[PDB]
Structure formats: C-alpha cells, structure tokens
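Working notes, structure below.
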Amino acid sequence: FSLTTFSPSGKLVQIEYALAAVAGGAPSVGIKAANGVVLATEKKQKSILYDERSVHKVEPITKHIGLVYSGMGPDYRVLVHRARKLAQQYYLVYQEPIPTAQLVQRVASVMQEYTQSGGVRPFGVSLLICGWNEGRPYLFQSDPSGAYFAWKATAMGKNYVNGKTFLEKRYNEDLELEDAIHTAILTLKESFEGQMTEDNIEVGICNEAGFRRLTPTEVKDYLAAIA
Amino acid sequence: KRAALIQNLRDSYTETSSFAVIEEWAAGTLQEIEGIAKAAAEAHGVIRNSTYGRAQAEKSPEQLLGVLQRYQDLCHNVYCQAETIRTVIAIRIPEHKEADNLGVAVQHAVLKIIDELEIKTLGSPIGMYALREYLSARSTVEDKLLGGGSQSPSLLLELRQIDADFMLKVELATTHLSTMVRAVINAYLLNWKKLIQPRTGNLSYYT
Amino acid sequence: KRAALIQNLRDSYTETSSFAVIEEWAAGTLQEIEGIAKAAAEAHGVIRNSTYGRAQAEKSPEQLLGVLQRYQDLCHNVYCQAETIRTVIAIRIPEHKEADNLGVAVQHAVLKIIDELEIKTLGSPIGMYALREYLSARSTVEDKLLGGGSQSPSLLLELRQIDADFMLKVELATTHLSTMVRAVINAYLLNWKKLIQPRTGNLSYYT
Amino acid sequence: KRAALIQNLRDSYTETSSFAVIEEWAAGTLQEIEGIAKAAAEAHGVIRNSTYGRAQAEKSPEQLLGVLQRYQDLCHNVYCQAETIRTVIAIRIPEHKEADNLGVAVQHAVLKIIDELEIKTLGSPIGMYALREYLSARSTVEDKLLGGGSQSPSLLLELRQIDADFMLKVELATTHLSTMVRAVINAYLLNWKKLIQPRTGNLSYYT
Amino acid sequence: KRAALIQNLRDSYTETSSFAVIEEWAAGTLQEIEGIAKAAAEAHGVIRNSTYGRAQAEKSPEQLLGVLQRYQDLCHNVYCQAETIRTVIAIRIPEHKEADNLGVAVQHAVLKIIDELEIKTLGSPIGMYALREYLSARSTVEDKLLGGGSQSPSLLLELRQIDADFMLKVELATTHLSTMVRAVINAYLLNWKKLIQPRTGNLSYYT
Amino acid sequence: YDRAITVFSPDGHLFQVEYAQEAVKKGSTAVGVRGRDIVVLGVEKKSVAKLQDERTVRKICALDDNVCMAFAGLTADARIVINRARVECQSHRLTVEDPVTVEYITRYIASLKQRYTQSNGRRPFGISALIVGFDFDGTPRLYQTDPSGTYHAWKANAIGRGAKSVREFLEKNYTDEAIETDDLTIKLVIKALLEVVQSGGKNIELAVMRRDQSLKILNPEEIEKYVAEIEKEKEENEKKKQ
Amino acid sequence: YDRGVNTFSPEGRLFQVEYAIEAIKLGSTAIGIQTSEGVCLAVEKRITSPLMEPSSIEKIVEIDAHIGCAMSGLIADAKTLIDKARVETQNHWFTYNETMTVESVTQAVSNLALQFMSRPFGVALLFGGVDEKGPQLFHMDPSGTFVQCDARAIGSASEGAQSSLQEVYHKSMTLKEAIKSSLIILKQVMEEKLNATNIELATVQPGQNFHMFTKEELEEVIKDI
Amino acid sequence: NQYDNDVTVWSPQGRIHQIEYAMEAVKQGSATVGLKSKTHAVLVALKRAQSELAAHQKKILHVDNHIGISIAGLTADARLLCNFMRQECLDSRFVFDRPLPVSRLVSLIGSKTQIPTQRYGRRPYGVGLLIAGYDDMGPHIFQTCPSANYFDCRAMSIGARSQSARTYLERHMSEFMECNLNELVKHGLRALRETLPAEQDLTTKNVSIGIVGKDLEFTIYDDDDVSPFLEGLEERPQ
Amino acid sequence: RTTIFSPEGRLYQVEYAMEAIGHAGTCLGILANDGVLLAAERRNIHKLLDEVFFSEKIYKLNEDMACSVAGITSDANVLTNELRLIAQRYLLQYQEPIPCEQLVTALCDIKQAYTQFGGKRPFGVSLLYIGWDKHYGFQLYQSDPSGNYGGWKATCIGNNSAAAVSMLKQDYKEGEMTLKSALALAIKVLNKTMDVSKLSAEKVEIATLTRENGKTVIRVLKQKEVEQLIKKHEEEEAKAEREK
C-alpha cells in the first residue's frame, strides 16, 4: 500500500502496480531508422461522436523532440508541460536546443519526484522520446520509476511482448524513415481489433528538418501498404 | 541435481495434461452424467409404478445395480482426472514469501474448488460407495422379512423405498456433479495462465 | 555443555538426511505407488467379473491381502521417511521472538504440508490398517452367511462389493498419495535454504 | 509472609531440575525409544512370517506384552519428566500486565510443545494405555473363535493382523515421540533464560 | 438496602478467606498429593509382580479402593476450596465499562486458571468419579469370567491390566494436579491486590 | 500503549527508548578506566575480513585536544554525533575563549540524544558513548551516555556485548592499588577486555591520555608486551601459587 | 482511548496523562517538610554500582539561592523543567530586580505541562524555598497542577511515607527534628543500609541560602538514629 | 461503538461522541454554584484537597475588576482560557479604555473553543465555567460548555452532584432578585450544601466565595474571610 | 517503517533496502599498485538496446574519481548528482580536489538521515568508489544503504557477491597485484559468477584508474580491448585442464 516502504524481498510494490497501468494502455510503437525516428500509436474512439481532431497522443516538445505514451492521458498532459518548460529553461540558459538525452534525464527526475513522498502516487504512463541531435537519431523510454532506456526499437502497452518479438524478427539497420513507418504500422496491425483507418492511429516522425505529426492524408497514403 | 528433479517433475505433468482432462469433461463426462441421471429416473418410475411382495426380497433387480455401478465408475474416473489437475498445480507452487502471492491465491482457490469437487460430492447426497450402502440397508430387511417372517406391512414398503430413494439420490448427485464439473472448467480455462507461471518479475527499476 | 547438546543433535539429522529421502521418493517410492495401483485395478477388474456363492465365504482370496500388505508397508516406510524430515526441520526452529519470523513461517508451512501427508492419507480415504478393516467387514458377513445360515442375495453381493470396494480404495489412495509426495518434493527443494538457516546474522550496520 | 511462599516454591523446583531432565532425555531416553522400535519391528517380522490357527487363540504371545509394557513405562516416565518442566515454568509466570509480555510468550510457547508431547503423543497412533486395548480387541476375537467356535477364516487372520498392527503402532509412535523429544530439547536449550526470568526492569532513565 | 447487600456479601468472603486456602494448599494438600502418588506406585508395583486367576475375579482388592477413595476425597476438598477463591473474586467484578479494565483482565485471567483446575482437571487423565469407572469395568470383566466361564486368557490379563492402569492414572493425575495447584498459588500471590481492588480513582488532574 | 510509538505504557514506560538501548547491547565491547594522570579505554575489534583496510573502522575518536570518545551501537549515528560534538568543541571556544570541559560536551551530546526521543518522525540515536578526557586543574574525567539522554560519571564502566560481565570484573578488581602507575591502569583494561576477547591480543585496540600528551593510540608491539606480562603474572600466581 | 492525549474516555478521562503519573512511582522517593525555621528535602539516590560517582546523580538541585528542587521520574523532563525554572528566576531578576516566589516559579514551570512537545512530562517536582511569605513547599504534577503543601512525599514509597508524615507532623516543629523525622521515614522504605552516600539532604532557611549537606553533616545525623 | 475515536467524525444518528465525552469531564470536578440579584453576582465553590495535609485546590479566579470565573473540569483548559480572557480584557482597556462586556467575552470564548470540535489534531476543552460579572447592563451569570455553547442564566450549578443545587435554585429563583448580599450568599451556600452527603458540611477550609457589584470589584474570600457568610446557616438535620 | 526499532534492537527497512541489491547487477573493484579498476555486468542485454552512452553503470564524479552502483537506479541518479555537487563545492571552497574519503562521508551522512527522519525511504543503493588523492593514494570504498562506508582492497556488490568475495579471498595476492593481474582476475571472477555463460564482451563494463605525468586518468576499455582479456582466459583454464 505505502510507497516509502520496502518488502522483505526488496521490491517497491506501488511502482510495480503503476507499471501495470502502462501495460494496459493503448499500444505504441517506436523505431529508430538511420535517418529518422518513427512514433506510432492507436488512437481509437468509443463512438462516432468523439472529434478526433481535438486531442493528440503524439505531441511536440520542441522543433526536434516529440512524444508518445501508453497509459493515462491526464498524467501525460503534466509531463508534456514539464518537458516543454525544461527545454525552454535549457534554451534560456545556453541558447542551444536541448539534447534528447538531457530532457529524458530531467523528466525522469520529475517522475522520480513522485516516487519518494507519501500522499502522492507515481505516474501511470511510460513515454517514448524521439529526437535528432548532432546528426544522429535518438529514442528513449522513460518509466514511472524514474528509469530510462535507450532503444533501437520497442513497443509499449497492450501486447508489448509479441509486438517486440515482431520487431526483433522484422527490423534491422540500413533502413530509412519510409521503410520503418511500414514496419511500425505492421507492428500496430497485430493488435488492431478492426479495420485500421487514417483516424484510428496517429504518427509522428523526426529527422534533420525536425519533428512533425503526420496528417490523415499521409496516414491514408501508407495505410495502403504503400512505402 | 535439485533443479533436475524439479524439471523431471514439471515435465511429467504439464498444462497439456490438465487441458486434456478439461476437454474430456466438457465433451463426454457431462453426457455420461446426464445419461446416468435419465437412467435413474427411468428406474425410479418403475418402483413408483409397482407393488412389492415377499418375493421381491428373494432377489435384487440388476437394473439398480447397473446404475449404481455406472455412478461408481464415473466417480472413480472423475476423482483420478481431478487429482491429475491437482498434481499439475501443486508441483508449481513457488518459494514461500510474505508477498508477491497474487498467483498463489489463484492456485489455492482452484485447488479448493477441486477439493470441493472431490470430498463434498464423491464421498471419498450420495457418493462413490452407494452400492455398499444399498446392499447393506437392503440385506437388513431381506433377513427381517424371511427368517419366521415379520408381519410388519410398513417394512414391505420400506424395502420398496430403499430401492427407490437410492435411484433418486443418484439422480440428484449427478445433477450436482454436473454443476461442479462445469464450474471447474470455467475456473481452469479463465485462470490457467497464473496456475503455471504465478510469479512474474519486473526488474526494470534495478541496475 | 548445552551448545554441545544442540550440536550433537543437529549433526545427527542434517540436510543430507532429508535430501536422501527426497531423492528416494522421486526415484522409487512413486514407482511402487503406481505398481500397487496396477495390482489394485487388476484385482478390481477380476472380482468385478465374478459370481459369489457360499464357497467364497469359506475362504479369503490371497491377491487382495497381498495388495493390502504392500500398501501397508509403503505407508509405514513413508511415515518414517516423513518423520525424518520433520525431525530435521524441528531441531532447527530458532529462539522464539516477536520479529524475524519469516523463515520460521517457511518451517511451519512445510511442517503443515508434512502433516497433510501423514494425517490425511496414511491414517496413522484409507491408510495403513486397511487390512484389519477389510477382515473385520468380511468376518461380519461370513459369520452371517455361515453357521443355520442366511438366504439373502444382497448379503452375497455385499461380500463381492466389499472385495471390490477395498481395491478401489487402495487405487484412489495411491493417486492421492502420489499427488502429495510430488508436492512435498517441490516444497523442500524450493525452500531448503530457509528450512536450515532461517535467520541470517546481519550486523553490518552495528559495531 | 506471602513472598516467603513464592521462594519456598521456586527453591523446590529450579532450572537445574529441568536441565537434569533434558540431559537424561538426550542421553538415555532417545536410546531406549529406538530399542523398543527394534523389539517391535522384530515381533512384526515374526508374526508376519507366521501362520495362525486355533492354538493361538488359547494363548497370548509373551513378547508383545513385554514390548507394550516397556512402551507404557517409558510413556509414564516421560509424562512425569515433562510435567516437572511444566511446573518449573508455571511457577515463574509473572504478574499479569498488558505490556512487557515478550518472555511470557516464550513461556506460553514452550508450554505448547510440552502439552503437544502429551495430548496426541502419549494418549494420557497409540499411546500409554495400549496394552488394555490390545487385550480387549484380542479377547473379542478369541471368544468368537473358541466358543462350537466360529467358522470364518478372515477372523482367524484378523487375529494375526491384530497381533501385528499393535507392534506397527508402537514402531510409529516411537519415531514420533523421538521427534517431539528432540524438539523440546532444542526449545528449552534455546529459550531457558527467558523461561526463568522473562522480565527485566529497565529503570536507567528514571531517578 | 443495596449497598447493604453488597457489603454484607463482600465481608462474608474476604481476602483472608482466600489466603487461608492458599496457605493450606502450600502446606498440606501437596503432601497429600505426594502420598497418594506414593501409594499408587506401591500398588502398581504390587499388581505387576503377580499372576491372576479365577480367584481374583471373585473379590476386589482392599488396596486400590483405598487409593481411589483418597483421591476422591482430595478432589472434593480441592474443588470446594477453589470455589471460595472463585466467589471472592467474582463478588468484586466492578461495573461494566468500555475502559479502565486492566484489573478486570487479571480477575478473568485467574478465574480461567481456577476454571482449568476445578471443572476440568478434577473431572467434576482421571477425575474424582474414577472409583465407579473402575468398578463398572471390573464388573464387566468379572461377569464374563465367572458366568459360562469364558476360557479366554486375554480377558484374564485384561483384568490385571484394569487393576494397574487405574493406579497409573491416579499417579499421573496427582502429578498434574500438584503442578496446577503450584501454578494457582503463584497466580494468586502475584495479583491479589488487583483481584480485590481492580480500580483506583485518585484523580488529581480535575478541579 | 504498546510498541511502535513513543507515547507511554500503563506502567509508565517508553519502550522505543529501551529498544534503542537493546541496540547498544549488540555492538562491540568498549571499556574505560579513570586513573590519576592516565586514562585508558579499549575496544574490541570488528573481525577483519582479509581484504579490508582497517584505517576506516575507527572506534575511538577524538573531539578536541583534551577530550576523547569511544562508542558502541550503530556505526553511522556515531559519526553524526561525533561531528556535531566536534563542532561544538570549537563553537565553545568561539563563544568564550576558554576550552571545553568533559561534562559540558557530555551534557551537549546527551541533550542532542534527548532531543530525538521527543518527537515522532525522529528515531533515537542507537549508541552509547564513553567520554573520557582532561580538564584545567588536570582532573581526570570519565562519563557514560545512553540513548535516553542520561549521563553519569564513573570510575570505570563498559558498554556493548559483554558489559554485564566486565562490570563484575571491575567490581572485583578496580581499587586504588591498580591505578598506581600507568602500566597497571593499562593492564586492568587488558585483563577486562580479555574476559570477552578472542583469547588473542591482536583483537584489541587501546588508547591513553596524559595531562601532558595528546591522544596516543597504541601499536601491537606494546599491546603484545602488556598481554605477555599479564599472561606471565597469571601463570605464576593463579597456577604456581595455588 | 488509552493511547493518544487528544482522546477522551466515555467518562471524560485522559489515560496517557494518568500513565504519566504512574511513571513517578518508578522513581526513588523524596520528602519535603515545611517548618517556620526552614524547609528540608531528603531523598534516596539508588546507586546501581560502586563505580559510578554518586555526585553525578542530581536528584536535589539549586534553582536559586532561596529555592531548591527535588524530583522523581524521568531525567530528561527534569533537566528541561529545571532549566526553565532557572531561566525564569533570572528573567524575573533582570526585569523587576527582586526574587521570584516559590508559588510563581511553580506556576511558570507548570505552564509547560499545559502544552500538547507531544508527550506529558513524566516527572513530579517538590519546590522548597523561602519568600516574603516565609518558608514555602510546593508540589508540581505532570498535569500542571500545583498546590502548597506542609509535608509531601513523592516517588516509589510515597504512600507509606505520607501515611507516616501525617502522624509525625505538627505545625510547631523545628528543623533539626523534621530532618530526623524525614530520615526515620526514609529508613523504613529502603532495603539498603542507610548511609552518607545513599541519600542527599538540603535545607533553605530564612537567613541562609540553599545548602546541600556533606558527608560529615550527614553522618552526624545518621549517628542519632 | 466505532464512531468515537475522533472529533471530525459524525455518527449515523448525527452526533459527535468526543464532544459528549468531554462534557462528562465537567462531572468529575467539584461543585460550583452561581447566582445573581439585581445588584450583585455571586459565585460560591467547594474546594477539594488531594492529600489531607495539603492546601485545597483554588476554584475561583480573578479575570479583571468586573469579571470572575469558577471552574469545574480539567485544570489545564481552565488555566489556558483564563489567560485568554485576561488578555482579551486588557486589549479592550488598551484600545477603548472601557471594561469589556461579559457577553462579548463569552462569545469570544465560544468562538475559540469551537475550533477543536471541527479540526483534527486538537482536543476539545474539557472544562466548564460559571462566569460572574457586572457591566452597563447589570449583573450577569454565564455558563460555558465543552460543546462551544454558552447560556445566559439566572443561576446555575455545575460539577459533581450539582443536580441537588440546581433543584434548590429552581424553587428559590423568585427571591434572588430583591435579596440583599447576605441572603444571596446564603442561598448559594445552601444550594452548595445540598450537594454534599449528610455526613459532611461546609467549612472555612473548603469554601470560597466571589462577589462583584456596582460599588464592588471582584473580590475573593477563601478561609477566614468566609466565616461571616457561614454564620447564619440553620444547622440542618437529615 | 524506518523510524521504529524492534524489541531486539533491529531496523528492518534498513535490511530490506540491503536485500534490494541482490536483484541488481554485479559490480566489483580491484585495487593495485599501478592503479585501481571497476567491473560491472550489463544486465541490459537485448537485441534492440542501443548503447549510446559512454558507460551505463560507471559514473565519473571528478577528475580523480568514478563510481559504480547497484540497486534502485533512480536513487543512483540522485546520489550521483549529489556527489558531483559535493566535489565541486569542496573545489570552490579550497581550489583543491576533494579527497576520496570526505566525499564518501558526505554521501553517507545523507544516506543516514533517511533512516532517521520520518516519512522517507532509505536509498536502496550500494556504491563502490575508486579514486586517487595525495594523502593515501589509490583507494577503494564500499557504501551500504545504512550509511556505512568501508575501505577495501577488493570487494563485490550485487548479485552473487558472496561468491566473488570468496574467490577474491582465495586468489588475491596483496602487494603483488598489477593492473593486468587485476583485469585477469576480474575476467575470472566475473565468469565463475555470471549465470549466462561464455562471458560475452557485450555483457560487461570495465574502467581503469591510472596516473600519467602527474595527471589522473579514467579510461573505459572498448569491445576489442576486452575480447583479448576474454580470449586469454579460456586458454588459461584450458591449460589447467590439460594436466589430467
């Protein structure tokens, strides 16, 4: 129950249960090609009434950093704001855009602030942080514990194990940003309980030009198994 | 080696062996249960539609012994089939610990349901050895009526009701065993993933 | 001295003594348990194809007594083998305290599972002394059939079904006992490190 | 004076008495139990390889009576020895309070072991009053078997099985009793100094 | 009036009426308990070193009836003395409250020891009504030995065993009773102040 | 009223204060003896581990030139108490130019420990401290402090695993005769530490202070000499004269 | 209801405050007696080893040249309250340039017990001194309740000592006689041989300041016993 | 049963039992009586001693030259509230140079004691007060309760065995108005005497009196200043 | 909770924080006369992990020090920033590098305050520190979650520490321990303790501390620089199997 308490085995139980809230959110894919990084996720609604052009699971932090998550969107909107502030603090001091690793460190610090006090629960989200700094792509994975991992490809959320084996068997380097989007959508198609439309998913890419959330037209283009 | 012994155990009794029992239960055992039940009704009607005399104490109808022996066989088969599932679950209860026992509770719940199916239903209303019970309770009156003979009329009807109430007991115990088997099927098929691997370690927040 | 006594006792009953029992159980005890069930099933199928008259009360059949004596010997040997492990675990329960009782909980949990083996299955469904209950039940019927005898058919059928039911009891108890030996094995092999040294001297944060 | 009675009590039975009991338990009693187990297993082997008739109902075996009498004397002596320790502990249970009851728990817990050594372990499988049970069970058979004697052979073998099962019972009870005695030895030698002085005043932060 | 009744009831049963019981118990009752065990051991050694025949079934010993009658007379006085302490404590239970019940706990703790003594340990191994329990069994054996005179030898040995097991029973019960009395003495002498005045209200923090 | 809070009991006790002393009954033995111009304390060693530098297992710790300290109990609480006493030993020369006395800093340490028995959310310091030192007028001093914030003065004392057995030794042995010279004041501590020691001499660490010298920790070349002298004086008296 | 000082019993009681009273009987006993010639204080020290210097056991202390205290209970509470009394007696001098009365020292020291620190003080104190109103003896309790007393005993054997003072006391006594009576009562509630290190004794007369007796002055009254 | 261990908890019947239990702490103190004529207000108490050889506990307290209280309950709460009253009266003389009315003091007392009834981490004040004063509206007698409630009264008694005094006062209210001071004090003393057993009676040691009026500041008469007021009491039989 | 004693004078949260380290990766240190080194195992073994960083478990604190950690990793990232702040505060205050013991005392004073002050959890992290100073030279320390540091010549923290310790007791040659000798011992201790056999070079991390021309050096051996160390181990224990 309590968070400032170890078990005799030496485990933190509320953190393990906060990860269970990440393991039940919508899937999210991440692939790091040679000249870019892809972020894709399932954005599916419970009715035809929900306007999908109003909320976004893929969000920018800067011109060259972007996010997705698996789990709780209320928790996501806090870390989006915090990351956007920390990037601006870094810019205000150094007048250089923040590297993708320092943001992950400073954001895992925020996630760790919520693991040590009583009267606060941890975040029920994991993040995937894409970037393009120093002529190289980056992809990280921040957890509620305050721990981050650099990946070449991974998947979070529902069926995050088979979706990762699929990448282990269907991913290599010597790719580019267009061969990776096809692989990410194919990795999302495993868990898609229905017809995949341009409005049921959400895609964002980063490259030399910076981060951009693709449009439904571009999604419908590659949804035809095209490129 | 120790892990070698644990491996020799956990390879002999696997999830496939426990699911082969569930398939057979869902397919044939329930129909056999219902068949014994209709047979018990078919027999109970005959006794309800009959008069008994001193001649009926000189012989026991094989129609009742057949149903009792069918229920005997069914009880034996279900007991062994359930002990197989018990043996599959009990060789995987892991190291004892204060905590991390969310799957251990599942194992104990399913083992409790199986223990119910065994003891509360098979006798190991009426259970496995109903045939011994019937023959003893009847062999009492058959001697009291022959010698010399007892002039008690209610005894002659009590013989008839010994013959009838055991068929009724079979008809009810089969109806109850069907429910118990149908409950164990759901329990297994819903919870089987944490009966095999109850504990799952997350060492992501360690370095 | 007193520590001399505790050392002389803990050197007489070691983890080696309790693991020899476990590996013997995993190797040969189980095989004899299934063999007794083979014999019991064969005998039950033999008597099931029979027609008992008065001659079968004049003499007891030898196969049944052989099977029951075998079961008796098995239960005796398993009782003693389990009491060895009980002695090993029980001469190592440490100083009584209000805290640090996790390994003590492991010890009591395994001792509860030893009780579950030698309280419910050995009879120290049926257990060691079934060969006496069988002969009692047989004599009570034989004296009633033999002398001014009796003329009930249900009495003869009760004789036959006694002979069948005791073999069935042996057959089921063998299964239920295999299921418990296989679980004691797992519990020991997974918790022996805490059954022997349940408290670890940890005074690193003291001077 | 009232505090003089306390000291006249605690002077009669001291810790040295209980240690004297424990030493002889560890030395001679745990060698005398195995002797009785030996003498009972030999008798079981004797009767098991015997063939009984009417000559054996006209006389009791002189060996079983001596074995059971040995077991009874042992049980009696062990009971009195245990109650000495019970006295030593019970006359030192201190003033009733709701706090500083950590040694009172040690007292009450060693008393659990001492009472477990008597309840289902000396009968004050089998216990102290076993020979009367043997003789009653055997007389009930010899009366029927001698007389116009009964003609059932299963009774004639039940005689043999009675003469065997009691030696088996002694053989098992000896093992269990040895286990419990070793347990009491360990408990006492680990917990005695809080069994004698369970409470210690700590007035160092008072004037 | 009402306070008149309470005080007329409490002055009749005072702390002296219980300390006198404690004195007599510490002084003479324990020596009587020892003397009964002595004589029971004497009679037991007498019965062991003798062989029985028909002449023993024709009259009872004058040696054992004396021991049993003396144990009966002991237990009567011990019960009637325990009930005096019981009354002294029970007529001083204060009015029921949800708080301030730390002396009421002492009262209910010593009354539990007195309950463990009188209603149960005196049988109000064996209790006061043991002489009838001896005579009924010995009559059951005598009427079978005398009659047709049963020629069973185990019956004649069971006679001798009845005559010894009861002396053994008295010998054990006397030891247990001495232990319990020595416990009650301490329990009273360490707690007699809250057994009388369990509540004290010198409340200085009120104006 | 029971464990787990510093509230009270019906008897008038505070069990969280006793359970901290029970941690002082778990460390290594530490003795102290007061003489005339020498004062000696010694502490059992902590079972070196074949690969450890023993420069950091310091049980004896100076606070100023005239005062010294030895502790038993939790090892980490000792460091904080010792640093917070070392600071006050200098703040006391700031507030008044005079140096500190043994009772002043003993009182300060005891108040610091008392301060942690007052609130929940604070755990008592699980140590005791033998605080030996000097004064102006050259009066030798020895004090002993417990977790509850109590401090007394002693002619000789012990703390740790075996203090209940060394107290009887010093009861039977401590007189005005065994403090004639420094070498007799040290032999008493050696014999007392022997009553719980490994029968060795390498498992011993003694320090001394004189009115002139500063603190002086001993090397085994002298500990061995004292222990051999004591073994010889006991082979001659207890055996060869009785 | 038993644990916590913010919880009333159904009868309106504070059991933690009573359990703070019960912590006084675990301390050794102290006696204070009024007399028109002065006040006396007499205590047991309860030495646990001959190695400890008994002068390091402060059970009677000077609050000022005209007030002396004797305590029983917890040492830490006593240190706190004695420092409070000493500081207040001198703040009073600084402001008003006169001697605080024993009633006002007791009043000011009892006001800390009126603060739930999160725990009642487990200590009772006797205040003996001389004022404009002559010699005065007061008694403070963990409840912050204080009252003037002519003779009072606190601590372990307070009941028997009080049951003796009510007989040997009269409002005409001398100080040499009251000192004798106090030690006679103290003799009877000790299983140790009364001697000149097992006790302290102090007096506060009008024309003389607080004075703790010495081994000489103590033995010269132990002899006439 | 289990809505009792906290003051911030209601019961299903709409009650707070900690407040009801604090009200039971007034019944543990000695009895006090209060009464007023049209010119004067009187408080008489019965003091209680811990040991026989000690002084009696003081029951009546001076708050200002026109207000005074008599207390029944816990001593500490009384000592806190008296120091609150004294400063609230000094604060009024400092600003306005007038004596604070008694209604405006008891209203402040209620406002003060209402907080522990509602916020957790503080105990309700387990003290009841009878407050006698004199202002520009005449004499006043006020009762104050641990429930943060207060009443304006013709007369009242609180403490152990106070129902007897209350029953006495309830049938003599028609006389108190035109009574002079001696008769009023005597009615108070008789109501107090009705709280004792038949064994005991009033004495110089165990009686304190407090009086305030138009031409009379709040004075207290404790031991030998009481004997004028005792002379006149009929020696009651039982 | 941590602010509560046991009747037997124990602190069980402090023991559970110490039990929370066996779940972490193995890290050992080996002192020598030519220098001092660390050797961690990378349990971050996966076909899709990138390994962008210089080092994942060896953290540099100063120009003259590094550390390795085992336990909770968030706590490690906290303590590694606090260490770097203590070092720079000392430098700002004296303009000399901090010695390799004051830093350990300063961090242990932080770790001790979490076992003592109300509602906060003890840091579930043990640490090893290697460094150089002008007072005692090359040093190796070992912290525990209770705030207890100790100087060592070779130690191990994390999974299977009690086995590596027993090996080092039976193969350390005090006074004759070079750096090649220490690495040869590390590749042995780290192979007879890892569950995954063959000791892939991807699964370890090694750092050496040495001195060159009065400057301190902290390097990290590359893949190909550790392949040689591995290849010179099976050859060594294949020769210890030839003599059959």
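Residue numbers (the working numbering), protein chains in the order written: chain A, 65 to 291; chain B, 852 to 1058; chain C, 852 to 1058; chain D, 852 to 1058; chain E, 852 to 1058; chain F, 8 to 249; chain G, 19 to 243; chain H, 65 to 302; chain I, 304 to 547.
Backbone N, C-alpha and C fix where the C-beta goes; we use that ideal spot for every residue, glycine too.
Sheet register partners of residue i (DSSP bridge)
{"i": "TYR133/A", "result": "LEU191/A"}
{"i": "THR218/A", "result": "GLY94/A"}
{"i": "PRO201/A", "result": "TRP196/A"}
{"i": "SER206/A", "result": "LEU191/A and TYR212/A"}
{"i": "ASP199/H", "result": "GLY202/H"}
{"i": "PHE156/G", "result": "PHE145/G and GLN166/G"}
{"i": "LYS223/F", "result": "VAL215/F"}
Under 9 angstroms by beta carbon: chain I residues contacting residue i
{"i": "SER73/A", "result": "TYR319, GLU322, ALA323 and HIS326"}
Interface residues of chain C facing residue i [CB-CB closer than 9 angstroms]
{"i": "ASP447/I", "result": "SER1055 and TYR1056"}
Amino acids of chain D, ordered along the chain, whose beta-carbon sits closer than 8 angstroms to that of residue i
{"i": "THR182/F", "result": "Simply none; closest approach about 26 angstroms."}
C-beta atoms of residue i and residue j nearer than 8 angstroms
{"i": "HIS104/H", "j": "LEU248/H", "result": "yes"}
{"i": "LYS179/F", "j": "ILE237/F", "result": "no"}
Residues that residue i contacts on chain A, provided the C-beta gap is smaller than 8 angstroms
{"i": "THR376/I", "result": "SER209, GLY210 and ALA211"}
Residues that residue i contacts on chain E, provided the C-beta gap is smaller than 8 angstroms
{"i": "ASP159/G", "result": "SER1055 and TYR1056"}
Residues that residue i contacts on chain H, provided the C-beta gap is smaller than 7 angstroms
{"i": "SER27/G", "result": "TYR85"}
Beta-carbon neighbours of residue i, restricted to chain E and to distances below 7 angstroms
{"i": "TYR19/G", "result": "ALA950"}
{"i": "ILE135/H", "result": "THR1058"}
Proximal residues of chain E, C-beta to C-beta of residue i below 9 angstroms
{"i": "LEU1010/D", "result": "Simply none; closest approach about 11 angstroms."}
Where residue i meets chain D, residues with beta-carbon distance less than 9 angstroms
{"i": "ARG1033/E", "result": "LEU860, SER863, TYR864, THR938, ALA941 and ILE942"}
Residues in the stretch 26–50 of chain F having any Cβ partner in chain C nearer than 9 angstroms: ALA30, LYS33, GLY34, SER35, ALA37 and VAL50
Runs of beta strand (DSSP E) lying entirely within the stretch 27–82 of chain G, each at least 3 residues, in chain order: 48–53, 56–62 and 78–82
Ranges of the alpha helix (DSSP H) found wholly within the stretch 934–980 of chain E, counting only runs of at least 4: 953–966
Residues in the stretch 939–950 of chain B having any Cβ partner in chain A nearer than 9 angstroms: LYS948, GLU949 and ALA950
Unbroken stretches of the beta strand (DSSP E), 3 residues or longer, contained in the stretch 471–525 of chain I: 507–515 and 518–523
Against chain D: residues of the stretch 63–94 of chain G by CB proximity under 9 angstroms: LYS63, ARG64, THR66, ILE75, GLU76, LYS77, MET89, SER90, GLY91, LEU92, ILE93 and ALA94
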